[PDB]
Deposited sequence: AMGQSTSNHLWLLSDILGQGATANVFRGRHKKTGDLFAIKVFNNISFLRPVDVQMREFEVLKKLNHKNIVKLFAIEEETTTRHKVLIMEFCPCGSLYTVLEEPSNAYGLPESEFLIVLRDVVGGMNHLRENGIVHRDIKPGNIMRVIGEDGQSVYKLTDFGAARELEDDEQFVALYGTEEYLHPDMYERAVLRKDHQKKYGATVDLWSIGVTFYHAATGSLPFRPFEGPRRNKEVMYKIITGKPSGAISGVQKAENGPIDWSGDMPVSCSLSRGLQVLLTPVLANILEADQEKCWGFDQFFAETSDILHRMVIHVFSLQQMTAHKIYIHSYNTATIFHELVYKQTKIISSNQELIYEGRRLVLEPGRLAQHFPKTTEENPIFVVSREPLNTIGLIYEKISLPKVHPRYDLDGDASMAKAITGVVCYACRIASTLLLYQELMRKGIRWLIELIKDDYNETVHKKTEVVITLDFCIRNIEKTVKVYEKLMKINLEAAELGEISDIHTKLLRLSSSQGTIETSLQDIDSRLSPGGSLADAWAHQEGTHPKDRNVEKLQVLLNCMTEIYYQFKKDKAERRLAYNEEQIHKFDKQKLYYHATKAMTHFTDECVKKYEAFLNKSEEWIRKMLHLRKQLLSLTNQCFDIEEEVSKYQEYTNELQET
């Protein structure tokens, strides 16, 4: 074998991790402890030979300590070549680029993981600003990832400060492509990339020979837009000031994220934010807590980004901006019961919200049932070419699509299981509004009983005009009360099991966790992703043996069969059942809004008559005489 060594460290040249322009990164261990470290060996060191200036540049990075920055442990010299070797912190998981290489993140990172990336990157750059050093060359490849003690990812920076001695091509500022504006540029490109899984500004044949057109895209500067992609060869550029539909981010977050990118992605130094403005808006998002809310009327889940110190007034406002529901009509349901929120109640004392257990929202005004809005992405055509590079690229693509389909499928199941809960709670919450009307009826019933037989007694002792008038008046009330008594039993007949309102259809329509459709999709998805990582190990081998050449061709054909089998099961089973559940949901809503309209009126026809039987009890029942 072949491996370099040091006074305290040693490493094989086969354990290469990073191939830079100035230095190379190797997986190395310590001679004594055996603990793994990152070995940064300086290549091309001869025309410089610094032992005075650069030495102190390494003595400053040593004491530089932060959670969002890869730690530099020591500066040692190679045994033979006497090259300056940096003992860096080893990150077993890799970088942000490695994460984006996964098909599960082909259409953007998970929302929770994205918030971690945002939090760490901002914290890292801010710490570098405190020391004055500017990075600019901030790429997902320069953002390492480690697993913290709590299992959550922690992102760190590393490849910075190499501008004094010497941005990435797809992360270059237009004026830099030819202040701190050029630094904040690549950050937005990184942030968009992490949220989309794709670059913001893409030509047709990629950023290579057609990258001459790519510079025209950036210099085009459409201000508010954050995406410039041509869907055809040397055609027009499709602009967009919003994020793709395939984005895995919630609607609440996109509203806050969009203006951040738009104000850091333009050539104008007068329209672009500074690091203070950038830090302010970013820190604002990171501080906010999440309130899970599922609108039963629209069959849509929502994530309201609000501060803990904000009141319920702003909460109802934010819900309206995402659901188009007036605050005075936003009726809340939680944990099976109705939930009343005070206009000035802080967000710290809000109930425990989860994607699986949120705060349902029901309204009285008619709302169209929308459901989940996603992008219909079909499988890409697989070419019979043997191109190992192309076989690895298309493997990442075709697997990412199925990942998206499996992502939507689990969400479609989420919406249905959430629907069954909200409906089950609602019908029982309606019964609560039925039991109160009964108790608000019996109070009127007893009232007339001690008003009828009290005036029927006064006249049976044996004037007549007043007697007959009240008698007729009380009869027109006890009768009108009689029909309401019966019509409420009709409502109770509706609330009864199998009473044209029961949720028997909800358990007999869409898909259920018993079907295990997501697990079935994952099985095929595992078969594909296994082949994918294998094709990565085939691309690195440049060429394969005859035996491995055939296996590569076999698995490539089985990659299509796996994807096709999964895509069929998704549309013909998961989707179709969802369409059926969505249909009978919009029907039951109308039948429910109609009922609540009845019960409301029938209840209001008890309060107005409660005041009518109050102006008679204090009248003839109590005459006057010395």
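- Within the chain's deposited sequence, the coordinate-free stretches run 167 to 176, 189 to 200, 485 to 495 in sequence order.
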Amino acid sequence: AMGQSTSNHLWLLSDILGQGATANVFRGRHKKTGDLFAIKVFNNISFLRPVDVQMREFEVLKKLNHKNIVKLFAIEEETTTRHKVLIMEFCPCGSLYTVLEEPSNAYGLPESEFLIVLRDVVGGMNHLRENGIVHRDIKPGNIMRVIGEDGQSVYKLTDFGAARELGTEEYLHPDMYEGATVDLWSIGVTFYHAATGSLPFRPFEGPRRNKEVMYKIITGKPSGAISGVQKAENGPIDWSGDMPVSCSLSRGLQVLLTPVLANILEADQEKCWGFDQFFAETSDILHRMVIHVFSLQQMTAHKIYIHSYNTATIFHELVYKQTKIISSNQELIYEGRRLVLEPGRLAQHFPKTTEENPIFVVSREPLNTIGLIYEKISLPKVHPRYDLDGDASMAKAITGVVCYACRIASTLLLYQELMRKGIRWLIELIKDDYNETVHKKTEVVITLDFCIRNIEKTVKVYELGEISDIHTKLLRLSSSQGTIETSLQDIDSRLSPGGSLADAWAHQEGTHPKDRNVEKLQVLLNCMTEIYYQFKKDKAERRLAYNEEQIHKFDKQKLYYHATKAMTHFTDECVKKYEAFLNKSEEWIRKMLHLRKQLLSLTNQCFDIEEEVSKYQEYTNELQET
From here on, numbers count along this sequence of modelled residues.
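Think of the rigid core as the biggest set of C-alphas that the two forms share within 1.5 Å after superposition.
- In terms of root mean square C-alpha deviation after superposing on the rigid core in 5 other deposited structures of this protein, the stretch standing farther out between 284 to 292 and 479 to 487 is 479 to 487.
- Taking the rigid core as the alignment reference, the C-alpha atoms of 220 to 228 lie farther on average from the displayed form in 5 other deposited structures of this protein than those of the other stretch among 416 to 424 and 220 to 228.
- A summary of the deposited B-factors shows that, of 12 to 20 and 604 to 612, the stretch with the larger mean C-alpha value is 604 to 612.
- Of the two segments examined, 46 to 54 and 25 to 33, it is 46 to 54 that shows the higher average Cα temperature factor in the deposited entry.
- Across the residues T353, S186, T81, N517, the deposited record lists the maximum Cα B factor for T81.
- Which of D242, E463, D391, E509 has the largest Cα B-factor in the deposited entry comes down to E463.
- Among the modelled residues of its chain, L61 has a C-alpha B-factor that falls in the highest third, as given in the PDB entry.
- Ranked by C-alpha B-factor against the other modelled residues of its chain, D284 falls in the middle third.
- Sort the chain's modelled residues by C-alpha temperature factor and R542 lands in the middle third, per the entry.
- The PDB entry assigns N105 a C-alpha temperature factor belonging to the lowest third of its chain's modelled residues.
- Looking at the C-alpha B-factors along this chain, the one for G235 belongs to the middle third.
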